[PDB]
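J.: Here it is: the structure, laid out below.
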Amino acid sequence: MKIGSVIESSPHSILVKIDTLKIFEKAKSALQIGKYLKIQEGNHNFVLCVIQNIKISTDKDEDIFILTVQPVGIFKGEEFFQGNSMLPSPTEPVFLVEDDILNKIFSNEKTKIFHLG
Amino acid sequence: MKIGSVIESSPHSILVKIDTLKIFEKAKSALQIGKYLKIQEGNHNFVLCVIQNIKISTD
Amino acid sequence: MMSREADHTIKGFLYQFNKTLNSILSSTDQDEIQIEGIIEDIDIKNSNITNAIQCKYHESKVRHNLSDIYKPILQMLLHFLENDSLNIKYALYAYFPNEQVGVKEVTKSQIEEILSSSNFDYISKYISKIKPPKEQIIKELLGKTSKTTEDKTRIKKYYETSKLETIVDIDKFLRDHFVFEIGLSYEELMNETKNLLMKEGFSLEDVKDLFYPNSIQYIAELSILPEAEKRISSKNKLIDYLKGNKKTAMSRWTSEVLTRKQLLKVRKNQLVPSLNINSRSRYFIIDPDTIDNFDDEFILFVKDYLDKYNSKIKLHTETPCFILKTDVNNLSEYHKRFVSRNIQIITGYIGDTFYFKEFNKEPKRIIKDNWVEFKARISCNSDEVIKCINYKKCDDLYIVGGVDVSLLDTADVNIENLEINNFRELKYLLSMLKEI
Amino acid sequence: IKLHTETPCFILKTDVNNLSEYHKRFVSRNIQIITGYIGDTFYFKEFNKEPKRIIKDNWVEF
């Protein structure tokens with residue numbers, strides 16, 4: 001679940017760092033380009049992001065595991081609102097994404113649905 | 001210093017440093033791209049500026 | 001079998017609400033109302049009393065069926081038996097789709113034929129007290145804890161046959177201490193109440209959730225003040241605007257279940273904006289014995305508060321503080337119950353001596369680890385701890401139960417009165433519990 | 001702070017109340033000590049924890 005913390009935040013990109021080798025190897029499949037992470041913001045809000053870049057480094061004795069993500073919206077309460085104007089503060093955990101949030105994203109109405117995949 | 005201080009002024013851009021995490025979190029809604037800011041210029045005058053970039057990191 | 005006193009209190013509360021809403025509707029200029037005034041308590045020092053009235057009505061009927069207003073009138077007469085000093089202005093309110101609106105023909109005979117009631121419940125409850133029996137056998141039967149069918153039949157026959165008088169001045173009660181007006185049903189008048197309230201700017205749902213309950217409670221609280229001369233009101237439109245400001249000022253203390261589920265709710269969505277900031281100082285003023293099972297659940301509540309609002313090492317830079325209302329002792333047992341659960345707190349007390357410097361210290365933290373010296377401050381309601389609180393003011397102050405907020409400076413402090421019954425309610429109001 | 005790394009331990013032939021009085025008196029003089037007693041009950045894990053150090057601020061927990 002918990003994945004890492006944010007290092008650098010900008011309206012264009014957000015940089016997150018992986019805690020340890022163990023955590024990254026446990027959830028390496030979930031950390032690929034195009035998949036989804038959520039970054040907390042405050043105590044109840046979340047900022048969903050999509051991974052753009054991965055860059056893992058062990059030059060000499062320096063373990064670096066940096067992801068570059070891009071916000072796509074904010075999860076206030078139990079509802080989803082699009083936008084990229086929240087900018088989560090540094091040292092803020094990254095929590096992966098559960099199935100409930102993703103299902104709530106693609107909800108819409110109950111009559112105009114169209115299952116495509 | 002309600003929000004921050006000026007660290008660099010140039011004819012095209014002015015760089016502003018935020019004081020603390022508490023101030024940024026309190027006024028995070030107002031500090032978005034396109035919003036407006038006041039920079040004191042002397043003792044009576046003010047300079048109205050528009051926010052164009054935000055960069056929040058760890059030193 | 002629930003006690004009938006609770007049902008009577010519920011009926012009195014319903015009357016208080018409907019009469020308050022009537023006063024609000026009629027609040028145009030110089031009303032000077034005295035809503036309610038009896039809570040079935042001991043002291044009645046200042047009267048400020050309307051009555052303990054009830055509003056009951058069946059589904060639908062042209063006339064008042066039979067034995068309908070017998071319960072309220074019997075209770076009113078029994079209460080009048082111990083009523084004196086200033087006049088108490090009794091009334092009875094009801095709804096009927098097709099009836100005479102106003103005072104009904106109520107002079108003498110109605111009560112004489114109501115007093116001729118022959119119900120076992122009525123006799124056991126109020127008729128016996130109002131009209132004492134003239135037989136020692138009936139007196140003994142009434143006082144028995146258990147009554148049989150034969151005893152009840154003998155009782156009923158005796159009351160129906162024997163003519164029993166009473167010492168209460170009935171005609172005095174009818175001339176002044178009663179009135180019966182057929183009113184309108186305020187369940188269907190909610191829409192009209194909202195429409196009348198929808199005359200200022202306001203909003204659509206703001207009147208429903210924020211303004212109407214606040215007006216109802218503020219008007220209902222006009223008579224609960226100890227001063228009896230505080231009901232002076234004139235130019236009700238001006239006081240309506242003043243209450244308009246007051247509703248935005250307080251924005252809490254809702255009585256009924258309006259828009260609100262479980263036991264308490266709807267105040268949750270108003271606390272969320274403040275409960276979403278990391279670097280905020282939150283002080284809690286809890287009153288134990290107001291919360292059920294406080295001893296066995298305070299520690300778990302503290303743990304669940306700190307694992308949500310004091311988890312981050314760099315963003316959560318403010319230490320919570322829980323000022324309970326107990327003695328200087330009883331803090332050692334809480335400290336022991338926290339140590340056994342691996343939670344670091346500071347009390348500021350070494351035995352019975354308080355230390356100013358030990359309560360105002362900022363916890364030293366190490367960011368490479370996840371270490372903070374202490375995660376909360378828990379002390380009693382003494383004067384020195386209140387002085388410490390005033391020295392280092394908070395951003396939000398939550399009052400749980402009834403605690404004297406005096407001696408606390410409120411320069412830039414948001415007071416948030418939270419009435420609750422258990423810790424599930426408090427968890428749900430602080431957004432650490434999605435459901436009840 | 002950087003050289004002296006171990007903490008002394010003074011054990012007295014007294015009662016808990018005198019220990020609390022001595023704790024009061026030490027706290028009055030700004031000396032950080034740990035007794036292992038919360039009221040009357042002793043605690044194993046409190047007594048035998050190593051003090052934390054912040055060499056930059058010249059701080060030792062007790």
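By convention here, the chains of the structure tokens are called A, B, ... in the order presented, each chain's residues are numbered starting at 1, and ligands are numbered starting at 1 in the order presented.
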Taking only C-alpha atoms into account, find every residue of chain C that has an atom no more than 7 Å from chain D, and write it out as a PyMOL selection string.

T.: chain C and resi 332+336+350-351

J.: With chain C as the partner and 8 Å as the cut-off, tabulate the residues of chain A that qualify, each row holding the nearest pair of atoms and their distance in Å to one decimal, using only C-alpha atoms, sorted by chain and rising number, as CSV.

T.:
residue,atom,partner,partner_atom,distance
A:42,CA,C:276,CA,5.0
A:43,CA,C:276,CA,4.8
A:44,CA,C:276,CA,6.1
A:45,CA,C:276,CA,7.7
A:91,CA,C:314,CA,7.0
A:92,CA,C:312,CA,7.9

J.: Show me, as a PyMOL selection string, the residues of chain A whose atoms get within 8 Å of chain B, using only C-alpha atoms for the distance check.

T.: chain A and resi 7-11+85-86+89-90

J.: Choose the residue, out of D:51, D:14, D:4, D:19, that has the smallest atom-to-atom separation from residue 36 (chain D); count only C-alpha atoms.

T.: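 Of the candidates, the smallest distance to residue 36 (chain D) is held by D:19.
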
J.: Could you pull out all residues of region 100-341 of chain C with a DSSP call of strand (DSSP E or B) and give them as a PyMOL selection string?

T.: chain C and resi 103+180-183+282-286+321-323

J.: Got a sec to tell me which of chain B DSSP assigns to alpha helix (DSSP H), as an mmCIF file with C-alpha atoms, in the first residue's frame?

T.:
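As a result, selection.cif now contains:
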data_model
loop_
_atom_site.group_PDB
_atom_site.id
_atom_site.type_symbol
_atom_site.label_atom_id
_atom_site.label_comp_id
_atom_site.auth_asym_id
_atom_site.auth_seq_id
_atom_site.Cartn_x
_atom_site.Cartn_y
_atom_site.Cartn_z
ATOM 1 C CA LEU B 21 5.164 25.512 5.865
ATOM 2 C CA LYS B 22 2.386 26.844 8.100
ATOM 3 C CA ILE B 23 1.924 29.957 5.951
ATOM 4 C CA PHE B 24 1.974 27.979 2.693
ATOM 5 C CA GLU B 25 -0.556 25.434 3.965
ATOM 6 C CA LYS B 26 -2.801 28.170 5.380
#

J.: What does the distance between CA of residue 32 (chain C) and CA of residue 233 (chain C) come to in Å, to one decimal place?

T.: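 Separation between CA of residue 32 (chain C) and CA of residue 233 (chain C): 4.8 Å.
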
J.: Please determine, counting only C-alpha atoms, which residue among D:18, D:7, D:48, D:35 has the shortest atom-to-atom distance to residue 60 (chain D).

T.: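 Residue with the minimum atom-to-atom distance to residue 60 (chain D): D:7.
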
J.: Which is closer to residue 68 (chain A) than all the others in A:22, A:17, A:2, A:110, using only C-alpha atoms?

T.: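 Using only C-alpha atoms, the shortest distance to residue 68 (chain A) belongs to A:17.
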
J.: Which of these residues is nearest to residue 65 (chain A), using only C-alpha atoms: A:34, A:53, A:99, A:87?

T.: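 Of the candidates, the smallest distance to residue 65 (chain A) is held by A:53.
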
J.: Tell me which protein, DNA and RNA residues are within 8 Å of region 399-416 of chain C, counting only C-alpha atoms, leaving out same-chain ones fewer than 4 positions away, and put them as a list in words.

T.: residues 284, 285, 286, 287, 290, 325, 386, 387, 389, 390, 393, 394, 395 and 420 of chain C

J.: Using the selection just defined, write its residues with N, CA and C atoms as an mmCIF file, in the first residue's frame.

T.:
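Once everything was written out, this is again18.cif:
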data_model
loop_
_atom_site.group_PDB
_atom_site.id
_atom_site.type_symbol
_atom_site.label_atom_id
_atom_site.label_comp_id
_atom_site.auth_asym_id
_atom_site.auth_seq_id
_atom_site.Cartn_x
_atom_site.Cartn_y
_atom_site.Cartn_z
ATOM 1 N N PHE C 284 -8.488 20.033 23.125
ATOM 2 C CA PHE C 284 -9.742 19.382 23.479
ATOM 3 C C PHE C 284 -10.017 19.582 24.962
ATOM 4 N N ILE C 285 -11.243 19.969 25.284
ATOM 5 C CA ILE C 285 -11.675 20.173 26.665
ATOM 6 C C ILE C 285 -12.791 19.162 26.904
ATOM 7 N N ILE C 286 -12.441 17.997 27.439
ATOM 8 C CA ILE C 286 -13.384 16.895 27.600
ATOM 9 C C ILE C 286 -13.909 16.881 29.027
ATOM 10 N N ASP C 287 -15.190 16.549 29.178
ATOM 11 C CA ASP C 287 -15.834 16.414 30.486
ATOM 12 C C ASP C 287 -16.253 14.964 30.694
ATOM 13 N N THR C 290 -19.887 12.591 30.984
ATOM 14 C CA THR C 290 -20.767 12.978 29.894
ATOM 15 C C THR C 290 -20.657 12.014 28.719
ATOM 16 N N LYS C 325 -11.590 17.048 32.741
ATOM 17 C CA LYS C 325 -12.205 17.689 33.902
ATOM 18 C C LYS C 325 -12.267 16.658 35.025
ATOM 19 N N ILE C 386 -4.750 26.034 32.828
ATOM 20 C CA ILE C 386 -5.490 27.006 32.029
ATOM 21 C C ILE C 386 -4.624 28.226 31.741
ATOM 22 N N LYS C 387 -3.809 28.640 32.715
ATOM 23 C CA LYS C 387 -2.862 29.723 32.476
ATOM 24 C C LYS C 387 -1.850 29.338 31.404
ATOM 25 N N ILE C 389 -2.417 27.228 28.964
ATOM 26 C CA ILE C 389 -3.155 27.251 27.703
ATOM 27 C C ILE C 389 -3.285 28.680 27.190
ATOM 28 N N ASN C 390 -3.595 29.620 28.084
ATOM 29 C CA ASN C 390 -3.687 31.022 27.686
ATOM 30 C C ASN C 390 -2.340 31.569 27.232
ATOM 31 N N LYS C 393 -1.690 30.011 22.934
ATOM 32 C CA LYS C 393 -3.052 29.850 22.449
ATOM 33 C C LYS C 393 -3.112 28.851 21.296
ATOM 34 N N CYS C 394 -4.287 28.255 21.129
ATOM 35 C CA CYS C 394 -4.544 27.287 20.075
ATOM 36 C C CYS C 394 -5.301 27.941 18.924
ATOM 37 N N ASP C 395 -5.415 27.199 17.823
ATOM 38 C CA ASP C 395 -6.189 27.657 16.677
ATOM 39 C C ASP C 395 -7.642 27.203 16.752
ATOM 40 N N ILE C 420 -22.001 15.179 22.527
ATOM 41 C CA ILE C 420 -21.930 13.786 22.097
ATOM 42 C C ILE C 420 -22.379 12.900 23.252
#

J.: Between CA of residue 267 (chain C) and CA of residue 246 (chain C), what distance in Å does the model show, to one decimal?

T.: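 Between CA of residue 267 (chain C) and CA of residue 246 (chain C) the gap works out to 16.5 Å.
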